[PDB]
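Visitor:
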Amino acid sequence: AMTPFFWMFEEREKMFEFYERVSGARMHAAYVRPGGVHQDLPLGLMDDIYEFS
Amino acid sequence: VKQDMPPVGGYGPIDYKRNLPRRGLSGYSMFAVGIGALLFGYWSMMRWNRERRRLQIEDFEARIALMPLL
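The listed protein sequences derive, respectively, from chains 4 and q.
The first sequence lines up with residues 163 to 215 when you count with the authors' numbering.
The second sequence lines up with residues 5 to 74 when you count with the authors' numbering.
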């Protein structure tokens with residue numbers, strides 16, 4: 163069954179865009195570091211997270 | 005200060021449980037529809053096959069009339 167692959171890889175791309183907005187890289191964020199995280203969340207990201215969820 | 009914060013009233017409810025519709029007719033309904041279609045097709049095929057037999061008999065008797073000259 164090869165249709166749900168294309169059905170949800172755009173949602174996977176949306177979460178890749180969320181990674182892009184929060185860290186600067188689509189896949190390899192290097193965002194979580196010892197001591198917490200590396201950078202704070204940008205303004206307006208959480209509304210996008212809420213809409214997608 | 006300004007920072008990424010949820011609003012004063014918070015975010016709205018988000019659906020997270022399964023929602024299947026549950027749709028279509030009852031099985032008796034499709035069984036009755038199929039049986040009725042079967043009966044209608046049987047009746048129409050019966051009538052047309054009887055008419056075809058009559059036409060074939062007519063053509064055969066025309067052939068029998070035409071035979072002696074040939």
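Backbone N, C-alpha and C define an ideal beta-carbon position, used for all residues, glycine too.
(1) If you measure between the beta carbons of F180 (chain 4) and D202 (chain 4), is that distance less than 8 Å?
(2) So is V184 (chain 4) buried or exposed if we call it buried at 16+ other beta carbons inside 10 Å?
(3) If you draw a straight line from the alpha carbon of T165 (chain 4) to that of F171 (chain 4), how long is it in whole angstroms?
(4) At the level of alpha carbons, what is the spacing between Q7 (chain q) and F168 (chain 4)?
(5) I'd like to know if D202 (chain 4) contacts chain q, where contact means its C-beta is closer than 8 Å to some C-beta of that chain.
(6) For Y20 (chain q) versus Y212 (chain 4), is the C-beta distance shorter than 8 Å?
(7) Could you name the residues of the same chain whose beta carbon sits closer than 8 Å to that of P204 (chain 4), not counting the 5 residues immediately before and after it, in chain order?
(8) Which first and last residues belong to the alpha helix (DSSP H) in which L42 (chain q) is found?
(9) What residues are listed by DSSP as bridge partners for residue 225 (chain 4)?
Guide: Answer, in terms of the structure:
(1) For the purposes of this step, residue 180 (chain 4) is identified with residue 18 of the first sequence, where counting begins at 1. For the purposes of this step, residue 202 (chain 4) is identified with residue 40 of the first sequence, where counting begins at 1. No, these two residues do not count as a Cβ contact at 8 Å.
(2) Position 22 of the first sequence, counting from 1, holds the residue named residue 184 (chain 4). Buried: at least 16 other Cβ atoms inside 10 Å.
(3) Numbered from 1 along the first sequence, position 3 holds the residue referred to as residue 165 (chain 4). Numbered from 1 along the first sequence, position 9 holds the residue referred to as residue 171 (chain 4). Each residue's Cα considered, the two are about 10 Å apart.
(4) The count along the second sequence starts at 1 and reaches residue 7 (chain q) at position 3. The count along the first sequence starts at 1 and reaches residue 168 (chain 4) at position 6. Using only the alpha carbons, I get a separation of about 36 Å.
(5) Here residue 202 (chain 4) is taken as the residue at index 40 of the first sequence, counted from 1. With 8 Å as the cut-off, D202 (chain 4) counts as an interface residue toward chain q.
(6) Walking along the second sequence from the start, residue 20 (chain q) turns up at place 16. Walking along the first sequence from the start, residue 212 (chain 4) turns up at place 50. Result no, Cβ atoms of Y20 (chain q) and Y212 (chain 4) do not sit closer than 8 Å.
(7) Stepping through the first sequence from its first residue, residue 204 (chain 4) is reached at position 42. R183, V184.
(8) The residue given as residue 42 (chain q) occupies position 38 in the second sequence. Unbroken alpha helix (DSSP H) run through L42 (chain q): 31-70.
(9) Outside the shown range of chain 4 (163 to 215) lies residue 225 (chain 4), about which nothing can therefore be said.
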